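Have a look at the structure below, then the notes.
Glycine gets a Cβ as well: all are built from the backbone with ideal geometry, and neighbour counts include every protein chain shown. Any read-out appearing in this document is the output of simple, stated calculations on the displayed coordinates, not a laboratory observation.
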Ligand SMILES: c1ccn(-c2oc(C3CC3)nc2-c2nnn[nH]2)c1
Ligand SMILES: [Zn+2]
C-alpha cells in the first residue's frame, strides 16, 4: 500500500541528474542538491536526466510516480485537486486527474493502477543522441503543493523507477518536489533554513 522509495542503482548504475538553473526570482524550475528537492512552477518544464553506467535492454522503461513524503499521509493517492482535475487543460494523453505529465513524448503511457489506484506515467528508454551522454525526460507538475482539497501544503516525493518490459524493478531514485509560484525564492529560503 506504499511504494518503496529506496535508492537503488541496480545492474545498470541508474541515477538521476538535474540541471543547475540557479535561484533568480524568475526561474521556473530549480533543483536543490542539499535538500534533494525540486522547486517548480505549475505546468512548467522540469528536465530530469537519466544516467546509466551501461546500456539496459530494449524494452526497458522509466516510470514516475508521486507519493506523500510524510508517513501519516503515505497511503493516500497523490492526485490533482478538485479544481485542477476539472480545468480542461488536457494534452490529449494524460488523464485530467494525474499530477505528473511527460512533455513532448507520444510514447508516454499513463497508468491508473487497478489495485492501488495510484497514478504513474511511463516512457520507453531510448538511446542517447550522438553527442549526448544521457537522455532527458521533461516532466510537468499540474497542481500547486498548496492546492486545497489536493496536496494541501503536504510535501511529496517523485519516485523514478527503471523497469524491465514486465515492470520488474531495475533501478530507483527519488526527489522531493514543491510546486510553487516562486521556486527561486523558496529554494533560497529552505536552503537557508537548513543552514
Ligand atoms: C533512459 C535510461 C537509460 N536509457 C537508455 O536506454 C538505452 C537503450 C535501451 C534503449 N540506452 C540508454 C542509455 N542512456 N544513457 N546511455 N545509454 C534511457
Ligand atoms: Zn490544484
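Per the helix-only calculation at 222 nm, which mean residue ellipticity applies to the chain, given -39500 (n - 2.57) for every DSSP H run of n ≥ 4 and division by its residues, nearest 500 deg cm²/dmol? Could you put the intermediate results ahead of the total?
Numbers: 1 runs with 12 residues, N = 195.
Result for the chain: -2000 deg cm²/dmol, rounded to the nearest 500.
Taking only Cα atoms and a 10 Å spring cutoff, compute GNM fluctuations for the chain and point out the largest among 12, 68, 141.
Among 12, 68, 141, the largest mean-square fluctuation in the Gaussian network model of the chain belongs to 12.
If I take every Cα pair under 8 Å that is 6 or more residues apart in segment 85-180, average their sequence separation and divide by the length, what percent do I get for the relative contact order?
Relative contact order here is 19 percent.
Could you give the spread of the C-alpha atoms of the chain along their three principal axes, from largest to smallest, in whole angstroms?
If we take the Cα atoms of the chain, the spans are 41, 38, 32 Å.
Going 7 Å from the Cα of residue 69 toward and past its Cβ, which residues in segment 9-38 have a backbone nitrogen under 15 Å from where you end up?
30-38
Could you list log10 I(q)/I(0) for segment 92-195 at q = 0.10, 0.24 Å⁻¹, which the Debye formula gives when each Cα is one point scatterer?
-0.37, -1.47
Taking the Cβ of each residue in 25, 69 as the centre, tally the other Cβ atoms inside 10 Å and list the residues starting with the fewest.
Numbers: 25 9, 69 16.
So the ranking, lowest neighbour count to highest, is 25, 69.
If I build a Gaussian network model for the chain, linking alpha-carbon pairs within less than 10 angstrom, which residue out of 47, 58, 124 has the largest mean-square fluctuation?
58
Using R₀ = 35 Å, calculate the FRET efficiency as 1/(1 + (r/R₀)^6) where r is the Cβ-Cβ separation of residue 166 and residue 87; round to 0.05.
Working: r = 36 Å, r/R0 = 1.02.
With a Förster radius of 35 Å, E is 0.45.
Given R₀ = 30 Å, what would the calculated FRET efficiency be for residue 154 paired with residue 55, taking r from the Cβ atoms and rounding to 0.05? Walk me through the intermediate numbers first.
Values: r = 38 Å, r/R0 = 1.27.
Between residue 154 and residue 55 the formula returns 0.20.
Say we join alpha carbon atoms closer than 10 Å with springs in a Gaussian network model of the chain; which of 57, 96, 183 then has the biggest fluctuation?
It is 57.
Taking the Cβ of each residue in 23, 7 as the centre, tally the other Cβ atoms inside 10 Å and list the residues starting with the fewest. Present the calculation step by step, with values, prior to reporting the outcome.
Numbers: 23 17, 7 14.
Ordered from fewest to most neighbouring Cβ atoms within 10 Å, 23, 7 come out as 7, 23.
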